[PDB]
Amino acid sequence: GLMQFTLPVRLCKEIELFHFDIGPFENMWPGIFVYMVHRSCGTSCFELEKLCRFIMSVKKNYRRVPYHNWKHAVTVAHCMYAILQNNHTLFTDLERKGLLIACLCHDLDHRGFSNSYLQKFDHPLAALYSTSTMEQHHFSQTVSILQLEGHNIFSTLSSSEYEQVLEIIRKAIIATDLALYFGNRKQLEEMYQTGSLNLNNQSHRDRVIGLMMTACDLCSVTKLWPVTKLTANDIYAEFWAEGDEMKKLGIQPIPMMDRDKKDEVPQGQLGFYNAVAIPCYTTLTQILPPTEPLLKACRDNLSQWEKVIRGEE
């Protein structure tokens, strides 16, 4: 009850900022997550014993892949923490509870392969879940861990509150399917510009939480250049492995996934920032003005990639 988590001074201060990097000490990441739940949600919203047991089972169910790993889960949870702390009064008690858990759980048991690769491989998951294949799996793994003995962190919620928080988590996790992002942002763009956006309309809240999930999921493009540049290596290590696996199925992969086409990466990053990242954080900043630092940092990294292309690095 009276056991507060405290970080060292530099972490205590920098964890409040959007561009925070959780660092290379894996054993500190659980403590960083609990610190964020305690400050974002309250020291009372979860039983520490159950939360700790839930976190360690979630960690165990992330795989040792270069990018879609435990460090990604905690990085995505921190971006959501920063959005929630900078938007204190906008979110319900169940939303703050659900969204940090959704972020920690959003890539559970990821193998380093796209929905596309699972479909062309004819993986059993592609037969069980025809769209948002990996994301339905991620939600399924979240529910499985919630049902382990002593792992029900929501046990004190009513039956109807419990159903609400699991529906927040399901929608939040499904929304990390980037295929769903493009249409969601377009609709939010139109709703904002025609002035019909209404945060009391549950269907509107869902869309806005969806965009927050994309923003948090992509937040490696909102870090200081040295972090962004080194994280880019980890994402391409996954892409090039999937490309190898495409070649093994007798399919020439898209250039993004072909390791014979590393030279095209800088131009590929421009397209990604212009088509995906900048529009995401732009629309997010229009809806939630205090998330402007994510857009600013994103624009900084686009400019760094333009400098790479012009041979200035």
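Residue positions are given as counts along the sequence shown, with the first one as 1. Whichever C-alpha set is largest while still superposing within 1.5 Å between the two forms counts as the rigid core.
Stretch farther from the shown model on average in 7 other deposited structures of this protein, with CA RMS computed after core superposition (115-123, 130-138):
Greater root mean square C-alpha distance in 7 other deposited structures of this protein: 115-123.
Core-aligned, which moves more in 7 other deposited structures of this protein: 239-247 or 205-213, by CA RMS?
Greater root mean square C-alpha distance in 7 other deposited structures of this protein: 239-247.
Using only C-alpha atoms and the B-factors in the entry, which stretch averages higher, 147-155 or 229-237?
Comparing 147-155 with 229-237, the higher average CA B-factor belongs to 147-155.
Greater mean Cα temperature factor according to the PDB record, 188-196 or 203-211
Higher mean C-alpha B-factor in the PDB entry: 188-196.
Which one, 90, 216, 108, 82, has the peak C-alpha temperature factor per the PDB entry?
Highest CA B-factor of the listed options: 90.
Quick one: which of 246, 55, 65, 256 has the biggest Cα B-factor according to the entry?
Of 246, 55, 65, 256, 256 has the highest C-alpha B-factor.
So where's residue 46 on the chain's Cα temperature factor ranking, which third?
CA B-factor rank for residue 46: highest third.
Ranked against its chain, the third holding the CA B-factor of residue 96:
Top third by C-alpha B-factor.
With respect to C-alpha B-factor, does residue 119 fall in the lowest, middle or highest third of the chain as deposited?
Ranked within chain, residue 119 CA B lands in the highest tercile.
Taking the C-alpha B-factors as the PDB entry records them, is residue 173 in the lowest, middle or highest third of its chain?
Lowest third.
Per the entry's values, where does residue 250 land by CA temperature factor relative to the rest of its chain, in the lowest, middle or highest third?
Tercile = highest for this residue's CA B-factor.
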